[PDB]
Amino acid sequence: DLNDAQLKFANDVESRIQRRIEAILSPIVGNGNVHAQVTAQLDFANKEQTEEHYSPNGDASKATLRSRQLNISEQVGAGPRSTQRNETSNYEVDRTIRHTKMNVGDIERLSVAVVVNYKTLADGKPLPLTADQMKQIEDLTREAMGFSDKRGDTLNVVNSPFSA
Amino acid sequence: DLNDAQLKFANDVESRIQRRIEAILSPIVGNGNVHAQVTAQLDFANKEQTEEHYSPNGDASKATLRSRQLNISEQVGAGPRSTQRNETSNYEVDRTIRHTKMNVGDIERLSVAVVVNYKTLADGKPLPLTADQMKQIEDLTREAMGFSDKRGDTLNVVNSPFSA
Amino acid sequence: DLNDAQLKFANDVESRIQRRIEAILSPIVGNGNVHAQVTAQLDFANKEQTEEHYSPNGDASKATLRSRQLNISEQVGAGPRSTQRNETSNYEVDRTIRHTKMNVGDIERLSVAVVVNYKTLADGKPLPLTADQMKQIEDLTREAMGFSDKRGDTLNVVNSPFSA
Amino acid sequence: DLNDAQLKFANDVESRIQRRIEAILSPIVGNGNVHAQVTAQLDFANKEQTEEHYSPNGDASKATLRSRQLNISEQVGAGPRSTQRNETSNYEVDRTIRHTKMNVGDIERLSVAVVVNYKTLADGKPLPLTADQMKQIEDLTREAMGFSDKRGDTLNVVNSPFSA
Amino acid sequence: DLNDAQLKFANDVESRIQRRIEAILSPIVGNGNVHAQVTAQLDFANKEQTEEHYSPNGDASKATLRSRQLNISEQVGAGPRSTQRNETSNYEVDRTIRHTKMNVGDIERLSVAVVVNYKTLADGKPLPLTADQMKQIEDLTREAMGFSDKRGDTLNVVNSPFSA
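Residues numbered from 1 in each chain as written, not as in the entry; some residues may be left out. Chains lettered and ligands numbered in written order. Part of a larger assembly, values for the part shown. Heavy atoms only, no water.

In the PDB archive, cryo-EM is given as the structure determination method for this entry, at a resolution of 3.2 Å.

Contact with chain B, which involves 56 residues of that partner, is made by 52 residues of chain A. Both faces combined, the contact of chain B with chain A buries some 4400 Å², and carbon together with sulfur accounts for 47% of it. Among the residues chain B hides against chain A, the three largest losses belong to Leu7(B), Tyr54(B) and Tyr91(B). Together they make up 13% of the total. Taken together, chain B and chain A are joined by 2 salt bridges. As a salt-bridge pair, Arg20(A) and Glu14(B) come within 2.7 Å of each other at their nearest N and O atoms. If you look at where chain B meets chain A, you find 25 residue pairs in polar contact. Taken together, the elements giving at least two residues each to the side of chain B that touches chain A come down to α1 (2-29), β1 (34-43), β2 (46-54), β4 (82-92), β6 (106-116) and β9 (154-159) of chain B. (Contact = heavy atoms within 4.5 Å. Buried area = accessible area lost by both parts, 1.4 Å probe. Salt bridge = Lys/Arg side-chain N within 4 Å of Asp/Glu carboxyl O. Polar contact = N/O pair within 3.5 Å; in protein donor to acceptor, adjacent residues only side chain to side chain. Helix = DSSP H or I, 4+ residues; strand = E, 2+ residues; numbered from the N terminus.)

It is worth spelling out a negative patch on the surface at this point. A cluster of acidic side chains, namely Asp106(A), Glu108(A), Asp106(B), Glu108(B), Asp106(C), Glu108(C), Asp106(D), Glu108(D), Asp106(E) and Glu108(E), defines a negative patch on the protein surface. Those elements that provide at least two residues to the negative patch are β6 (106-116) of chain A, β6 of chain B, β6 (106-116) of chain C, β6 (106-116) of chain D together with β6 (106-116) of chain E. One can find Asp106(E) in strand β6. (Patch = residues over 30% accessible without salt bridge, like charges linked within 9 Å, V, L, I, M, F, W, Y side chains within 5 Å. Areas by Shrake-Rupley, 256 points an atom, 1.4 Å probe, with all protein chains shown as cover. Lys, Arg positive; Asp, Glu negative; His and termini not counted. Charge placed at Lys NZ, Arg CZ, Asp CG, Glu CD.)

Turning next to helix α2 (residues 131-145) of chain D. Residue and element names in this part refer to chain D. With 15 residues, α2 should cover 21 Å at 1.5 Å per step; its first-to-last C-alpha distance of 21 Å lies within 8% of that length. Of the residues making up α2, those classed as buried are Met-134, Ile-137, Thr-141, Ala-144 and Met-145. Buried residues of α2 fall within an arc of 90° about the axis and therefore sit on the same side. Exposed residues on α2 whose side chains face more than 90 degrees from its buried face are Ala-131, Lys-135 and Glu-143. Buried positions along α2 lie against α1 (2-29), β6 and β9 (154-159). Between the side-chain oxygen of the N-cap and the backbone nitrogen of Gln-133 there are 3.4 Å, and the N-cap of α2 in question is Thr-130. (Expected span 1.5 Å × (residues − 1). Buried < 20%, exposed > 50% of the residue type's maximum accessible area, 1.4 Å probe, protein only. Arc of directions from axis to C-beta.)

What follows covers the interface of chain A and chain E. Taken together, the contact pairs 56 residues of chain A with 52 residues of chain E. A buried area of about 4400 Å², summed over both sides, lies between chain A and chain E, and 46% of it is on carbon and sulfur atoms. Inspection of the chain A/chain E interface yields 2 salt bridges. Secondary structure elements with two or more residues in the side of chain A that touches chain E: α1 (2-29), β1 (34-43), β2 (46-54), β4 (82-92), β6 and β9 (154-159) of chain A. It is β4(A) that provides the largest number of residues to the side of chain A that touches chain E, a total of 11 residues. When β4(A) meets strand β3 (residues 64-75) of chain E, the two strands line up antiparallel, connected through 9 bridges. Bridged to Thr88(A) within β3(E) is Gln69(E). (Pairing = 2+ DSSP bridges.)

If you want it as structure tokens, here you go:
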């Protein structure tokens, strides 16, 4: 029931990422000379979070006060000195409440496998690509897939001649 | 259901960013001599936040007072001196409450992949572009995509001859 | 639903900024010899804010009083002196409450990409523009776009010959 | 909905400022020899403010009193002197409450771009204008646009020959 | 009843992972020259979790205070010294409540078995593959299956000639 809807959601996301990669990889490598497939680890767990933050007021310069009683006594007779300080302070503090409801269906970790073809010249020899072109393909695929390191995304692009 | 609506929202945003990039990249590079694709990491999490800020009043110059009782006693007989100061102060403080409801569907991180063609002169030789022109394309794409560093936007523009 | 309305709002704002830029850039550069595209980062977050400000009254010259009790005693017998001052003061303070509801749909950051053509004389040679003319175009575009530094606006105008 | 009404309001304000500038710039520069465009940053945020002001009464000359108790005692026996002064004062203070509801749709910052043509004499040579005439145009545009420094208004008028 | 639905859910997930692997393994190894099967250990246990986190306030620099009473007494007569410090502090602490409902049907551990064929040249000799090609197949399968180490995923790809 709901599981099938989630699976179809994942399939559509993967297909659209695949198409976005193919769109940029087509003009330079050529139609059919590139194949990519995407798998997506998604987030279907309902989470609700409330965050409370208090600004520190331990420093007297940023401390906000409402009432303060400072009783000071010094009975000098060091000799028979007698110092007494009774201090009472009531503070008002900065407060920030944030309520967050995470979206259901977010992407947790995306791994993408891309395979490119060789280059057959007018003679027909399948000449492999170069390192610079491979780096360009890797960068383009990283851009298309929305590659990020916080998610833990992995990308692998290899070059090999396609079968007949 | 709602996930499909969010996905269509993302697709429309990406398509419009793509079209905006293509619009400026067309007059100089030429029709079809430029291809770009956009992926968008969006924000579909409902967040509500209330912020409270208190202006500090620790300095006597900016401190606002309502009532103040200052009892001072000095019984000089340092000898048998006896100083006593009882101070009570009630303050009124500046207060700022901000209530914020973040919009659903905002952009978190935008990465854009752009590929340009080579230059075929009247002879037909695919002459590659220059560094200055590449920098101009990068700047134009950054302007079109709304490039920002707080979001974490990444842009990659590479030059390569298009396939037939 | 609402997201589409927000997107159409952004598109209309961007189109009108584009048209305003084109309107001034047309008479001097010429029809079609200028192309500009605008992207707008907008504010669709409902914010409500209440601000309270108290005027400081720590200086006796600007302090407003309602009731004041000053008991002073000096029993001179420094010898066996005995000074005692009990002071109680009730103040009235200036107060300013400001309630603000920010508009939904305001502009946060505007970045604009403008491209101009070269100058083809009667012979037909595409002569590039000059530095003074480029500075004039930059100033005119800044004026049209409502360029501001608090928002974080970025503008890029480059000169390049248009393709056929 | 409301955003479109606000945008149309901004467009009408900008168009009327443009027409006012054109009206004075026409008789001297000539019909069509002047083009101006206006952009307006407006205020669509509902603000409500209540201000309370108390006149200071720390000086005995401007202090208004309702009741005053002054107990003075001097038991001279400096010797065994004993001075005691108990003073209680109740004041009445001046008070001014101001309640302000700012208008929705006010102008925050106006920037205007104006371009003028060259002067083609009977021979047809496009003779540029002079510094005095440019200063006069700048002053007239500042007057028409309602130029102010508190708002942060910026004006740019440049001279360049119009294209065919 | 529900068990059959869960089993069909597992079968669909396994089939889609199998198809994703086959899709990338087809262009290089060839149609039919690759066979893969997937088994999935799934999560059909309903879990609900509430998390509470308190920011530490043991350091006086990050400690937020509401009321503080500090009575200090020093009766010097080390001699007959008498120090007494009574300190009472009330703190306000940061608080974060997270409520999480894990999705039913998540993947716990995925193990995948892939078998590839040999290479029969024009002569017909079944030449085995190379180490580099095997490593490429392993990497592609890891990318397709969403291989992760936290889950405990295991992958085994072996090379052997297919039977008639």
